[PDB]
Amino acid sequence: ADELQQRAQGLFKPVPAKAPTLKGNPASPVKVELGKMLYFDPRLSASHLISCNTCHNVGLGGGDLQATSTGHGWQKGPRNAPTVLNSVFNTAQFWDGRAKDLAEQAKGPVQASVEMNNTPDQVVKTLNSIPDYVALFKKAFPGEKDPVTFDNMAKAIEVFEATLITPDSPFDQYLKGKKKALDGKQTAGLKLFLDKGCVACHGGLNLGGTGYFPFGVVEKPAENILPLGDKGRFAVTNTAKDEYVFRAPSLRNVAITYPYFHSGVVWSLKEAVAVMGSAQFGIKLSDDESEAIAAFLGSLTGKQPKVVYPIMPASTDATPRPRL
Amino acid sequence: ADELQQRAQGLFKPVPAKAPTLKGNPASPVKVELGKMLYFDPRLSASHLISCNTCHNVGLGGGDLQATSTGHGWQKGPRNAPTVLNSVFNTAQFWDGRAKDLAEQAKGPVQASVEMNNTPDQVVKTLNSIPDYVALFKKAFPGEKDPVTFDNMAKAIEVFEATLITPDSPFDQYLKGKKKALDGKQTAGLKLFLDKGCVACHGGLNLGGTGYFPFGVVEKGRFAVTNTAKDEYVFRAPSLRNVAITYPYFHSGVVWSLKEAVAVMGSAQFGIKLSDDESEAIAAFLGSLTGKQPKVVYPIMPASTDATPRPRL
Ligand code: HEM
Ligand code: HEM
Ligand code: HEM
Ligand code: HEM
Ligand SMILES: [Ca+2]
Ligand SMILES: [Ca+2]
């Protein structure tokens, strides 16, 4: 009644009003500035075509609008790019894998991408060949006799990503005290999200982002007889038999990071809900129910970051050229 | 020193302090905001992978750092992406072709690109499927019942491009009065650029971008100017504003060093000979043509809907 406001408040938290602190990697204006430049600089790739913004697009929800894509070395094959927004809050860094692999695997999205699209010696040569980047790395990494390294390049970038957060969605304003930040169908959909137990895998600060479960969405085999992207076509499979797992993704800003699941197979938010009303979980959902949940998930879209586009410095005669 | 300064004030003009008016397509905040969203919006392309910023990248001197790409349907083969910066002040719209051919070639950078990577039916359908874009087109183009048109999409983008201009280069501050805006080597470069006659093809407000000439840079100190008048074939003499930041050079992106492009240009075909030092002086001068990069806020672009077409596979 507002047991509901108080329950939601227990199970969830709003996005804070400050970039969180990164262990080993302190924030500063200069570092945020460097990290912004590199995030958009396609010179990190060997071709000089691909930046992190290519797939992780700040004006499109932090994603890329594609079913799948291949950006990071650890990827099992093509996978739907998750959003960069609020990524700083997640702890499940990987879409999917054997549960034993996933526990000892090294973290580092920047290093996995660039060692895929280039080699670090060629990236560091790029950065050292440009007097402005060198100056920036000195201000951002004050103690180091040589601050221009592949791992510092990843640290700058990550201090930038940690500014890419989306506070003050309608739902966080509801968490913060204001019942009327949610409308009545949003409020009803919150109620089902909770009672139907979505909150179990999709809960917390980020509404997911934090656990692996032995369940994946699959395209069911026989028939050509239903619209492309209809729920009829997709189901949850149980993957415990093979000690295999998937992350239960953060649901923040889900309404703007379509298409959905690890394979990008469902375009409709109502439908991605209907698929999740799965028996594998003991969850049953009526049309009406899946529609109110998706309404509640609409309330998850926060303030999108105002990102002034970095003016990146000119290559010099010493700068590697696009790889043939 | 006073003679040089007046001579330059004579032959060139600074970038204006503000977006020039485009006949039949007036600026407004909303039209500018709309044209920005669409210039960054990869849903103009059928694959939803390419936007204008992809190759005319606003933080990278308005080009794409590649030798060649294919963005417009008039291109017969891959060509170096010219900067979008100060593009508004140019009149020579195409890189190269038979002079007769180009005379009849339909213009419109926006139309020719979106027609290559998609069709107008599919783009219009995409814009019509997002309430937020329909709402914006009606505010920007109130004089029309259905303002969501291929022609108006191009207009919005162009009024945005008209803002992507680069005032206050060291050269421009020299033209407005301050002699010391230019250093000693830069000043010596200017005298040479004038005296050797670069300014014939690269003069006025944008230092080129206005004429076609029967000279092209081809494989021959590897590359050289070639006379193409016998084929009735022409190339644009590109605007040199921001040339230092828009490598590689020429139509085919064959030359990466700005000192080497100046040396290729010091060609017998025009009657110019340049020494090693002379090319270096002038290169220093071209260095003073880089202006203030525009401060652009990344647009926040509106989500597709169930009616929006999917990526073309
Ligand atoms: C160095 C630039 C990049 C950065 C900073 C970056 C950032 C990230 C981050 C932070 C994650 C994890 C999200 C989370 O943990 O919640 C991730 C995963 C992913 N990113 Fe990127 N990315 C970059 C380049 C790219 C590119 C260029 C592409 C596309 C061609 C791409 C596609 C992907 C995909 C498909 C995943 C999911 C991989 C998987 O777990 O299967 N990334 N990226
Ligand atoms: C009815 C309640 C639920 C709703 C509305 C819901 C919602 C969603 C949505 C919208 C997605 C796709 C997100 C994206 O692609 O960014 C998703 C994926 C997923 N969720 Fe749920 N969820 C519910 C219950 C659960 C439960 C109970 C579990 C775990 C036991 C779970 C685990 C997962 C997993 C593993 C994925 C990724 C599957 C894949 O990508 O192949 N969800 N969920
Ligand atoms: C609709 C988005 C785009 C806009 C507004 C745009 C803008 C322009 C403009 C204004 C010009 C001529 C500049 C002048 O005449 O001074 C130009 C030429 C050119 N652009 Fe684009 N561009 C767009 C998309 C792209 C894309 C996606 C690519 C690359 C894949 C591209 C590559 C090129 C190339 C190669 C030329 C030289 C064409 C030639 O004359 O041979 N453009 N562009
Ligand atoms: C020493 C005097 C000159 C200098 C410093 C010079 C400088 C330049 C530069 C730096 C470029 C490359 C611009 C770019 O890629 O964005 C260029 C190209 C070009 N310039 Fe000049 N220029 C000079 C003389 C001339 C003259 C006298 C003409 C015409 C009669 C001319 C016409 C052209 C043409 C047609 C191109 C494009 C050719 C191609 O891309 O293949 N230039 N020039
Ligand atoms: Ca997605
Ligand atoms: Ca160029």
Side-chain angles (χ1 to χ4, degrees), chain A residues 36-37 39-43 45 47-51 53-55 57-69 164 166 227-229 253-259 264 267-271 298 301 303-322 324, chain B residues 36-43 45 47-51 53-55 57-69 85 164 166 242-248 253 256-260 287 290 292-313:
Chain A
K36 186 175 54 169
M37 285 172 220
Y39 181 99
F40 294 82
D41 194 318
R43 293 167 298 182
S45 80
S47 66
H48 296 186
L49 304 167
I50 302 186
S51 66
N53 199 70
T54 299
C55 294
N57 190 327
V58 310
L60 295 171
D64 65 11
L65 306 155
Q66 296 291 331
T68 67
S69 79
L164 300 178
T166 69
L228 286 186
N253 299 286
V254 67
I256 69 189
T257 67
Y258 46 84
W267 292 83
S268 181
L269 186 59
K270 210 265 185 68
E271 215 94 54
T301 292
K303 246 123 212 66
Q304 313 278 311
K306 318 276 212 43
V307 177
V308 180
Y309 200 112
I311 303 300
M312 300 160 279
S315 306
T316 61
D317 276 4
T319 304
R321 283 156 200 200
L324 286 336
Chain B
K36 179 159 64 173
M37 289 165 196
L38 290 160
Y39 178 97
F40 291 88
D41 200 325
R43 305 170 281 192
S45 76
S47 69
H48 292 191
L49 280 178
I50 318 149
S51 74
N53 200 70
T54 307
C55 326
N57 181 324
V58 286
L60 288 173
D64 74 355
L65 319 173
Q66 300 300 308
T68 65
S69 59
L85 296 178
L164 310 167
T166 75
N242 302 296
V243 69
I245 58 158
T246 62
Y247 50 84
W256 293 78
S257 150
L258 180 61
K259 203 231 155 89
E260 182 60 24
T290 294
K292 293 187 183 153
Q293 307 299 303
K295 314 240 218 175
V296 178
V297 184
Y298 207 104
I300 288 133
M301 291 163 285
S304 301
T305 68
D306 274 346
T308 310
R310 318 275 214 240
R312 177 155 82 211
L313 305 182

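Throughout, a chain's letter reflects where its sequence line sits, starting with A, and its residues are numbered from 1. Worth knowing before you read on, the calculation uses all heavy atoms, side chains too, and leaves out hydrogens, waters and symmetry mates.
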Check: For B:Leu49, is it the side chain, the backbone, both or neither that has a heavy atom under 4.5 Å from a heavy atom of chain A?
Finding: both

Margin query: Working to the nearest 0.5 angstrom, can you tell me the gap between B:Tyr247 OH and A:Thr316 OG1?
Written below: 8.5 Å

Margin query: I need the residue from B:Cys55, B:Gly59, B:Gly61, B:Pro302 with the largest number of non-hydrogen atom pairs under 4.5 Å to chain A.
Written below: B:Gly59

Next item on the list: Just say parallel, tilted or perpendicular for the rings of B:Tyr298 and A:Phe40, cut-offs at 30° and 60°.
Entry: tilted

Notebook entry, point to check: B:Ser69 versus chain A, heavy atoms under 4.5 Å apart: side chain, backbone, both or neither?
Noted result: neither

Notebook entry, point to check: For the side chain of B:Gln293 and the backbone of A:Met312, is there at least one donor-acceptor N/O pair under 3.5 Å apart?
Noted result: no

Check: Of all heavy-atom pairs between A:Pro305 and B:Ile300, which one has the smallest distance, and what is that distance?
Finding: O-CD1, 3.9 Å

Item checked: B:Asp306 side, atom CG; A:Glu271 side, atom CD - distance, nearest 0.5 Å -> 8.0 Å

Next item on the list: Under 4.5 Å heavy-atom distance to chain A, tell me which part of B:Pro248 shows up: side chain, backbone, both or neither.
Entry: neither

Next item on the list: Using a cut-off of under 4.5 Å on heavy-atom pairs, state which of B:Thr54, B:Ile245, B:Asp64, B:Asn57 scores highest against chain A.
Entry: B:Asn57

Margin query: Ignoring hydrogens, what is the shortest heavy-atom contact between A:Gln66 and B:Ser47? Give both atom names and the distance.
Written below: NE2-O, 2.8 Å

Notebook entry, point to check: Which of the residues A:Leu228, A:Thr301, A:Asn53, A:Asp41 is involved in the greatest number of heavy-atom pairs with chain B at under 4.5 angstrom?
Noted result: A:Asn53

Note to self: Counting heavy-atom pairs under 4.5 Å with chain A, which one of B:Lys295, B:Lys259, B:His48, B:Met37 comes out on top?
What the structure shows: B:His48

